[PDB]
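Shown next, in structure tokens, is the structure this report addresses.
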2 protein chains.
Amino acid sequence: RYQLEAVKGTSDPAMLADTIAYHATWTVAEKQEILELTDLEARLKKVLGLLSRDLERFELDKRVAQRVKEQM
Amino acid sequence: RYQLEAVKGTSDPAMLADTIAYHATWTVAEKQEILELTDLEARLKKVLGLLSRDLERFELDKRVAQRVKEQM
């Protein structure tokens, strides 16, 4: 959990947003598309949505695995 | 269950998993495959699934037998 200790110590939203977006390993094409934006709102919203989708898919996969265990 | 209760203080919980697998009635080949497995999580989930299935079979046997007495 050492990647969560580099997002504190300062009070500038832009730098923290940039480093959080960088820390999330995404595809290079989507990284370039994010970098193409001049503001941060749209890219932060996209990253948040992608992370929420990934968490939902992980939980769904675990629950489906348990359900398939019960089914077999 | 006295064998399992006599080894409560035994360390190396892989031993505990193997003993729980050995104390439940299924294929002896399955017992040997689980015991010789080096990893713990895989054997843990496999034995948990076997316990789920045999608990299901015994509970369904109990309710079937209740229906047996009711139908007679």
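Note that each Cβ is placed from the backbone with ideal geometry, even for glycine, and that neighbours are counted across all protein chains shown. Any read-out appearing in this document is the output of simple, stated calculations on the displayed coordinates, not a laboratory observation.
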Quiz prompt | Student exercise, chain B dipole from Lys, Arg, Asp, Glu Cβ charges, in Debye to nearest 20 | solution = 420 debye
Practice problem: Treating each Cα of chain A as an identical point scatterer and ignoring solvent, apply the Debye formula and state log10 I(q)/I(0) at q = 0.14 Å⁻¹. | Solution: -0.59
Self-check item: Ranked A:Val47, A:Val28, B:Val64, A:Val7, criterion: other C-beta atoms within 10 Å, fewest first
Solution: A:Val28, B:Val64, A:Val7, A:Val47
Quiz item: What are the distances, in nm and sorted shortest first, from the label point of B:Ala65 to the label points of the same position in each other copy, with each label point placed 7 Å from Cα along the Cα-to-Cβ direction?
Solution: 3.6
Self-check item: GluC sites (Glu not before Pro) within segment A:1-68: DSSP coil, no more than 11 neighbouring Cβ in 10 Å
Solution: A:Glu5
Self-check item: Hydrodynamic radius (Kirkwood) for the protein assembly as shown, which is based on Cα pairs only, to one decimal in Å
Solution: 20.8 Å
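If you filter chain B for trypsin sites (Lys or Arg not before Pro), then keep DSSP loop positions with at most 16 other Cβ within 10 Å, what is left? Numbers along the way, then the final one.
Values: sites: B:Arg1, B:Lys8, B:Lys31, B:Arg43, B:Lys45, B:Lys46, B:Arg53, B:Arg57, B:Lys62, B:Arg63, B:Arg67, B:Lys69; in loops: B:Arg1, B:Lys8.
Answer in residue order: B:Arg1, B:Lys8.
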Practice problem: Counting other beta carbons within 10 Å of each Cβ, put A:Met72, B:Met72 in order, fewest first. | Solution: B:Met72, A:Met72
